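Here is the file input_5.cif (mmCIF, C-alpha atoms and all ligand atoms).
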data_entry
loop_
_atom_site.label_atom_id
_atom_site.label_comp_id
_atom_site.auth_asym_id
_atom_site.auth_seq_id
_atom_site.Cartn_x
_atom_site.Cartn_y
_atom_site.Cartn_z
CA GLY A 1 0.00 0.00 0.00
CA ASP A 2 0.83 3.70 -0.17
CA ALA A 3 2.70 3.89 3.14
CA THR A 4 4.51 0.53 2.93
CA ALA A 5 5.67 1.61 -0.54
CA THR A 6 6.32 5.17 0.67
CA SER A 7 8.57 3.66 3.36
CA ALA A 8 10.34 1.46 0.81
CA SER A 9 10.95 4.53 -1.36
CA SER A 10 11.98 6.73 1.57
CA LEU A 11 14.51 4.08 2.62
CA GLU A 12 15.84 4.25 -0.95
CA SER A 13 15.84 8.05 -0.71
CA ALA A 14 17.57 7.87 2.67
CA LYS A 15 20.36 5.59 1.48
CA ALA A 16 20.82 7.65 -1.69
CA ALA A 17 21.18 10.91 0.23
CA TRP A 18 23.49 9.34 2.85
CA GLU A 19 25.76 8.08 0.07
CA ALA A 20 25.88 11.70 -1.17
CA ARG A 21 26.71 13.05 2.32
CA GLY A 22 30.00 14.44 1.01
CA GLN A 23 27.87 17.06 -0.73
CA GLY A 24 27.09 18.73 2.58
CA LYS A 25 24.82 18.98 5.60
CA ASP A 26 21.71 19.19 3.41
CA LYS A 27 22.12 15.64 2.09
CA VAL A 28 22.77 14.42 5.62
CA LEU A 29 19.58 16.09 6.88
CA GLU A 30 17.72 14.68 3.88
CA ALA A 31 18.88 11.17 4.79
CA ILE A 32 17.79 11.58 8.41
CA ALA A 33 14.36 12.91 7.42
CA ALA A 34 13.74 10.02 4.99
CA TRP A 35 14.81 7.38 7.51
CA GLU A 36 12.63 8.94 10.20
CA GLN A 37 9.75 8.99 7.70
CA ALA A 38 10.31 5.29 6.96
CA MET A 39 10.39 4.71 10.74
CA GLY A 40 6.84 6.09 11.08
CA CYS A 41 7.79 9.58 12.29
CA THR A 42 5.85 12.69 11.45
CA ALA A 43 8.16 15.22 9.82
CA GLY A 44 9.59 18.16 11.71
CA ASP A 45 12.52 19.83 13.40
CA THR A 46 11.94 18.66 17.00
CA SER A 47 13.30 15.69 18.92
CA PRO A 48 12.36 12.22 17.60
CA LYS A 49 10.65 11.38 20.88
CA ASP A 50 8.02 14.06 20.11
CA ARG A 51 7.30 12.82 16.57
CA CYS A 52 8.03 9.06 16.49
CA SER A 53 5.49 6.70 18.05
CA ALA A 54 6.40 2.99 18.20
CA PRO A 55 9.38 3.03 15.81
CA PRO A 56 9.56 -0.56 14.56
CA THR A 57 12.51 -2.07 16.46
CA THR A 58 12.52 -5.31 14.50
CA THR A 59 15.38 -7.36 13.13
CA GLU A 60 14.61 -6.19 9.60
CA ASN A 61 15.02 -2.56 10.74
CA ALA A 62 18.13 -2.94 12.92
CA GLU A 63 20.58 -1.94 10.19
CA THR A 64 18.60 1.18 9.33
CA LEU A 65 18.36 2.23 12.98
CA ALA A 66 22.11 1.87 13.60
CA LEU A 67 22.80 3.83 10.41
CA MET A 68 20.38 6.55 11.54
CA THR A 69 22.37 6.73 14.79
CA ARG A 70 25.65 7.23 12.93
CA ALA A 71 24.13 9.75 10.54
CA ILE A 72 22.69 12.02 13.23
CA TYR A 73 26.06 11.84 14.99
CA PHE A 74 27.75 12.70 11.67
CA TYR A 75 25.53 15.78 11.35
CA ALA A 76 26.29 17.10 14.86
CA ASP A 77 30.00 16.17 14.89
CA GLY A 78 30.47 17.65 11.43
CA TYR A 79 28.33 20.75 11.44
CA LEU A 80 27.19 21.77 14.93
CA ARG A 81 30.54 22.19 16.72
CA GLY A 82 29.98 25.95 16.84
CA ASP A 83 26.48 25.67 18.40
CA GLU A 84 26.39 24.08 21.84
CA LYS A 85 22.60 23.94 22.14
CA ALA A 86 21.99 22.31 18.75
CA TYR A 87 25.02 20.02 19.14
CA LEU A 88 23.65 18.79 22.46
CA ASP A 89 20.14 18.48 21.01
CA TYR A 90 21.21 16.35 18.05
CA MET A 91 23.76 14.17 19.86
CA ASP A 92 20.93 13.31 22.24
CA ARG A 93 18.75 12.45 19.21
CA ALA A 94 21.43 9.99 18.06
CA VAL A 95 21.53 8.48 21.56
CA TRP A 96 17.74 8.13 21.40
CA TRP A 97 17.79 6.29 18.07
CA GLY A 98 20.84 4.34 19.22
CA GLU A 99 18.87 2.86 22.12
CA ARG A 100 16.35 1.61 19.55
CA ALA A 101 19.10 0.29 17.27
CA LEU A 102 20.37 -1.81 20.17
CA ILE A 103 16.91 -3.19 20.98
CA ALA A 104 16.26 -4.03 17.33
CA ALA A 105 19.58 -5.80 16.75
CA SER A 106 19.65 -7.74 20.05
CA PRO A 107 16.56 -9.55 21.37
CA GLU A 108 18.61 -10.80 24.32
CA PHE A 109 19.48 -7.20 25.22
CA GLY A 110 15.86 -6.13 24.90
CA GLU A 111 14.82 -9.11 27.03
CA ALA A 112 17.50 -8.47 29.66
CA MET A 113 16.49 -4.85 30.22
CA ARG A 114 12.89 -6.02 30.69
CA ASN A 115 14.00 -8.43 33.44
CA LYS A 116 15.63 -5.39 35.12
CA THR A 117 19.09 -6.43 33.96
CA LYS A 118 21.18 -3.28 34.12
CA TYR A 119 22.72 -1.91 30.93
CA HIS A 120 26.22 -2.60 32.24
CA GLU A 121 25.51 -6.33 32.26
CA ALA A 122 23.00 -6.47 29.40
CA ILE A 123 25.38 -4.77 26.95
CA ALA A 124 27.90 -7.56 27.49
CA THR A 125 25.49 -10.08 25.91
CA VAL A 126 24.91 -8.29 22.58
CA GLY A 127 26.00 -10.32 19.56
CA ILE A 128 27.75 -9.33 16.37
CA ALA A 129 24.50 -8.05 14.86
CA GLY A 130 24.59 -5.28 17.45
CA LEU A 131 28.16 -3.99 17.01
CA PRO A 132 27.17 -1.12 14.66
CA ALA A 133 24.42 -0.18 17.11
CA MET A 134 26.61 -0.32 20.20
CA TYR A 135 29.56 1.47 18.58
CA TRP A 136 27.55 4.40 17.21
CA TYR A 137 25.38 4.58 20.34
CA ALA A 138 28.53 4.86 22.47
CA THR A 139 30.01 7.45 20.09
CA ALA A 140 26.90 9.63 20.34
CA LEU A 141 26.53 9.06 24.07
CA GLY A 142 30.18 9.89 24.71
CA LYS A 143 30.19 13.08 22.68
CA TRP A 144 26.83 14.09 24.13
CA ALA A 145 28.07 13.51 27.68
CA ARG A 146 31.38 15.28 27.03
CA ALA A 147 29.61 18.42 25.81
CA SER A 148 27.19 18.34 28.77
CA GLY A 149 29.89 18.63 31.45
CA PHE A 150 31.93 16.55 33.84
CA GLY A 151 29.05 15.40 36.04
CA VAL A 152 27.21 13.94 33.06
CA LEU A 153 30.41 12.52 31.59
CA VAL A 154 31.52 10.63 34.71
CA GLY A 155 27.94 9.45 35.17
CA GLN A 156 28.16 7.65 31.81
CA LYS A 157 31.76 6.42 32.11
CA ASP A 158 31.13 2.86 33.26
CA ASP A 159 28.30 2.17 30.80
CA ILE A 160 30.42 3.59 27.98
CA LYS A 161 33.41 1.48 29.00
CA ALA A 162 31.34 -1.71 29.14
CA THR A 163 29.95 -0.94 25.68
CA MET A 164 33.36 -0.37 24.09
CA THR A 165 34.82 -3.37 25.94
CA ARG A 166 32.19 -5.57 24.25
CA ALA A 167 32.76 -3.94 20.86
CA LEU A 168 36.47 -4.63 21.19
CA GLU A 169 35.73 -8.25 22.12
CA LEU A 170 33.54 -8.64 19.04
CA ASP A 171 35.80 -6.94 16.51
CA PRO A 172 38.69 -4.56 17.27
CA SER A 173 38.98 -3.62 13.58
CA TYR A 174 35.32 -2.56 13.22
CA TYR A 175 34.95 0.71 11.32
CA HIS A 176 38.67 1.29 10.72
CA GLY A 177 40.00 0.35 14.13
CA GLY A 178 37.12 2.15 15.82
CA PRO A 179 37.03 0.39 19.21
CA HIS A 180 40.75 1.13 19.70
CA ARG A 181 40.38 4.73 18.52
CA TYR A 182 37.44 5.13 20.93
CA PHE A 183 39.43 3.81 23.89
CA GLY A 184 42.33 6.10 22.99
CA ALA A 185 39.98 9.01 23.56
CA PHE A 186 38.38 7.34 26.59
CA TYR A 187 41.69 6.96 28.45
CA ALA A 188 42.90 10.45 27.51
CA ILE A 189 39.69 12.33 28.34
CA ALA A 190 39.06 10.69 31.70
CA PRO A 191 41.05 12.23 34.57
CA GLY A 192 43.51 9.97 36.33
CA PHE A 193 41.27 9.71 39.37
CA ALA A 194 38.37 8.61 37.11
CA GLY A 195 40.28 5.88 35.24
CA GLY A 196 42.37 7.98 32.86
CA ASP A 197 45.65 6.48 31.70
CA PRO A 198 47.98 7.99 29.08
CA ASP A 199 49.77 4.66 28.63
CA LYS A 200 46.52 2.89 27.76
CA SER A 201 45.51 5.84 25.59
CA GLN A 202 48.67 5.75 23.48
CA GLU A 203 48.56 1.94 23.27
CA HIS A 204 44.98 2.01 21.98
CA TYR A 205 45.59 4.94 19.64
CA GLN A 206 48.60 3.14 18.15
CA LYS A 207 46.70 -0.14 17.68
CA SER A 208 44.03 1.82 15.80
CA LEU A 209 46.57 3.40 13.46
CA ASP A 210 48.12 -0.02 12.89
CA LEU A 211 44.73 -1.38 11.80
CA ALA A 212 43.80 1.74 9.77
CA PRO A 213 46.73 4.13 9.22
CA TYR A 214 44.52 6.13 6.81
CA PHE A 215 41.82 7.02 9.35
CA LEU A 216 42.55 10.71 9.96
CA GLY A 217 39.99 10.94 12.77
CA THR A 218 42.34 8.97 15.00
CA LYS A 219 45.02 11.67 14.80
CA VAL A 220 42.52 14.50 15.30
CA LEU A 221 41.38 12.89 18.54
CA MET A 222 44.98 12.30 19.63
CA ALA A 223 45.89 15.96 19.05
CA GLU A 224 42.66 17.22 20.67
CA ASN A 225 42.62 15.23 23.92
CA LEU A 226 46.08 13.62 24.29
CA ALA A 227 48.76 15.94 22.86
CA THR A 228 47.11 18.79 24.76
CA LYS A 229 46.99 16.68 27.93
CA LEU A 230 50.64 15.68 27.42
CA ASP A 231 51.51 19.37 26.86
CA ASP A 232 53.41 18.37 23.70
CA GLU A 233 53.00 21.28 21.29
CA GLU A 234 55.26 19.68 18.69
CA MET A 235 53.11 16.54 18.59
CA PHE A 236 49.86 18.54 18.50
CA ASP A 237 51.21 20.54 15.55
CA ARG A 238 52.61 17.47 13.77
CA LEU A 239 49.49 15.31 14.04
CA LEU A 240 47.19 18.00 12.65
CA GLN A 241 49.53 18.74 9.75
CA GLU A 242 49.75 15.04 8.88
CA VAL A 243 45.95 15.02 8.78
CA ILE A 244 45.81 18.04 6.48
CA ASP A 245 48.53 16.67 4.19
CA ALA A 246 46.99 13.21 3.74
CA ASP A 247 45.94 12.32 0.18
CA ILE A 248 42.24 11.69 -0.38
CA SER A 249 42.78 8.36 -2.15
CA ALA A 250 44.70 6.94 0.83
CA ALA A 251 41.44 6.19 2.62
CA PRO A 252 38.68 3.90 1.31
CA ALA A 253 36.08 5.61 -0.88
CA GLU A 254 33.21 4.95 1.54
CA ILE A 255 34.69 7.26 4.22
CA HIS A 256 35.96 10.09 2.00
CA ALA A 257 33.26 12.41 3.37
CA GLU A 258 34.25 11.59 6.97
CA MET A 259 37.93 12.30 6.22
CA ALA A 260 37.04 15.66 4.66
CA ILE A 261 35.27 16.54 7.92
CA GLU A 262 38.35 15.47 9.88
CA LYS A 263 40.56 17.76 7.77
CA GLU A 264 38.15 20.62 8.54
CA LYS A 265 38.41 19.71 12.24
CA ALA A 266 42.21 19.88 12.08
CA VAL A 267 42.18 23.34 10.51
CA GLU A 268 39.72 24.38 13.22
CA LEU A 269 41.98 23.07 15.99
CA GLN A 270 44.99 24.80 14.41
CA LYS A 271 43.13 28.12 14.59
CA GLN A 272 41.82 27.45 18.11
CA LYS A 273 45.37 26.88 19.38
CA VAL A 274 46.51 30.23 17.99
CA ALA A 275 43.39 32.04 19.22
CA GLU A 276 43.35 30.58 22.75
CA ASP A 277 47.17 30.55 23.05
CA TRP A 278 47.37 26.83 23.74
CA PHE A 279 50.92 25.69 24.47
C1 LIG A 301 35.82 11.04 33.14
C2 LIG A 301 34.73 10.09 32.65
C3 LIG A 301 35.16 9.16 31.52
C4 LIG A 301 35.29 9.86 30.17
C5 LIG A 301 34.49 9.20 29.02
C6 LIG A 301 35.05 9.54 27.64
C7 LIG A 301 34.12 9.21 26.43
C8 LIG A 301 34.52 10.03 25.14
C9 LIG A 301 33.86 9.60 23.78
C10 LIG A 301 34.84 9.59 22.56
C11 LIG A 301 34.17 9.67 21.19
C12 LIG A 301 34.98 9.10 19.99
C13 LIG A 301 34.09 8.58 18.82
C14 LIG A 301 34.85 8.12 17.55
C15 LIG A 301 33.92 7.80 16.32
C16 LIG A 301 34.68 7.48 14.99
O1 LIG A 301 35.15 6.30 14.92
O2 LIG A 301 34.77 8.47 14.16
#

When written as structure tokens, how does the structure in this file appear?
Amino acid sequence: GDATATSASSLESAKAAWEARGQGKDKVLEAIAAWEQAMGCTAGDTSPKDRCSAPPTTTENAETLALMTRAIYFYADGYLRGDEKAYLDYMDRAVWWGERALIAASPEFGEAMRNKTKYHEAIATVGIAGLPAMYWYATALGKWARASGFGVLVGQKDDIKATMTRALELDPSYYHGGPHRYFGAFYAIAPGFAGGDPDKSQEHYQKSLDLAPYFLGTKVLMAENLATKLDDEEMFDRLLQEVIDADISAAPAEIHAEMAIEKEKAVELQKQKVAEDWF
């Protein structure tokens, strides 16, 4: 019927626009709106929870929901860094859809949370089908919490760690050495008294580069939260310049848009250092 075929076409429209995300924020926002349409949402500019009744968290939708989580994160991380309110709004949207991506991909997880099993323990049971969900949920949750402040961040630390621990168990190479890149940031951002460890950070960051030397986002995160922490101006400067100098064809085609964002982030950090007299 009209809506089951309008959801099949909007899924097609969503995927098409997400593949064209290198064109700019518009295509990203077009992808999100089509997915949300296919997920039964009324259209609009407010939080999903105000427009999306009973999103279908079924196995056949799990891939879509984890991709929606990544895409809303991509929008905020790429385009809202200058706008704290919007950035916080949209990272929380990605968290919201990420919770539904986890439920859809993992019946055991959905069952566990209904028997009052706490996330910390439930997340450890998610199978390979849920790795995209749990990785992009943790990415959105971490960046949302970080922007909110220390109280929110430390409140989420143990659930984040359990999530990334499970992702690393399932596949340390997922999304270009993602679980290792994530832990590099985790151990650099956390203060020592909250579990921070520069040795574990560098170890994880290096393992990520060994698995995916082309992933420029690893070096951006190193410069941003480690080189600053280590008060190593030379390394901060070097990492960012290596990012900016990297050739486009060094990374796989399917993440060219992400790498372009990371080069923009490096230029932005270069100008922040000058402006705020870092180092
Ligand atoms: C002090 C409390 C603990 C601190 C918790 C730190 C969590 C930070 C989240 C890091 C986000 C990195 C996401 C990388 C995504 C990608 O692969 O592009």

Polymer residues at most 12 Å from residue 146 in chain A, only C-alpha atoms, same-chain spacing of 5 or more positions, as an MDAnalysis selection string | chainID A and resid 84 87:88 91:92 138:141 151:157 160 185:186 189:190 225

Best match for closeness to residue 95 in chain A among A:69, A:56, A:82, A:198, counting all atoms listed in the file =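 For residue 95 in chain A, the nearest of the given residues is A:69.
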
Nearby residues (only C-alpha atoms) at most 10 Å from residue 107 in chain A, same-chain spacing under 6 positions excluded, as a list in words | residues 57, 58, 59, 126, 127 and 130 of chain A

Counting all atoms listed in the file, what is within 12 Å of residue 268 in chain A, bar same-chain residues fewer than 2 positions away, as a ChimeraX atom specification?
-> /A:78,81-82,220,223-224,240-241,244,261-266,270-276

Go through A:219, A:116, A:166, A:85 one by one, measure the shortest atom-to-atom distance of each to ligand LIG 301 (chain A) using only C-alpha atoms and all ligand atoms, and give the residue with the smallest value.
->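 So, comparing all the options, the nearest one is A:219.
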
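In terms of minimum interatomic distance to residue 132 in chain A, A:175 ranks closest within A:35, A:175, A:144, A:119, counting only C-alpha atoms.
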
Counting only C-alpha atoms and all ligand atoms, which of A:194, A:248, A:94, A:129 gets nearest to ligand LIG 301 (chain A)?
->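 Nearest candidate to ligand LIG 301 (chain A) out of A:194, A:248, A:94, A:129: A:194.
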